[PDB]
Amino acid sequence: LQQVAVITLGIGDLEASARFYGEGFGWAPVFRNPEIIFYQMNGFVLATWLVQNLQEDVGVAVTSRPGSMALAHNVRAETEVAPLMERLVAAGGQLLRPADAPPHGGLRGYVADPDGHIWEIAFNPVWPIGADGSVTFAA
């Protein structure tokens, strides 16, 4: 089945990460200990694990730097993009691209978390957002 159970991001400091996701996104953890934090998302779990521990679990050297990837958070109105991005920046985020209209229409910007993981904050009215998140592609 087409499923992702957990998105795990390697991080360097739990407090800094918790600040970004908690004070920036307004998310609350479902689990937390000195090495990992879990947030219940729309169909899966987001985990922020200290890099040393992630690397240890994989068994091979895993870089601490962000990679070729971006996670998008879609909002319900164009007026929500800018405000949310400001909140992320105020919570330790690094502004990468101020919100503007992408080729595929709508409005989107980019902000990276404290560890460099890229987040796209976007308004894309073409893709339905269900009652409890659940985003579905639509032509």
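Note that residue numbering begins at 1 and tracks the sequence as displayed.
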As stated in the PDB record, which stretch has the larger average Cα B-factor, 18 to 26 or 114 to 122?
-> 18 to 26
Mean C-alpha B factor from the entry: is it higher for 67 to 75 or for 92 to 100?
-> 92 to 100
If you check the C-alpha B-factor for each of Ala47, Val62, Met41, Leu50 in the entry, which is highest?
-> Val62
Among the chain's modelled residues, which third holds the C-alpha B-factor of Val135?
-> middle
Chain-wide C-alpha B factor ranking for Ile37, given as lowest, middle or highest third | lowest
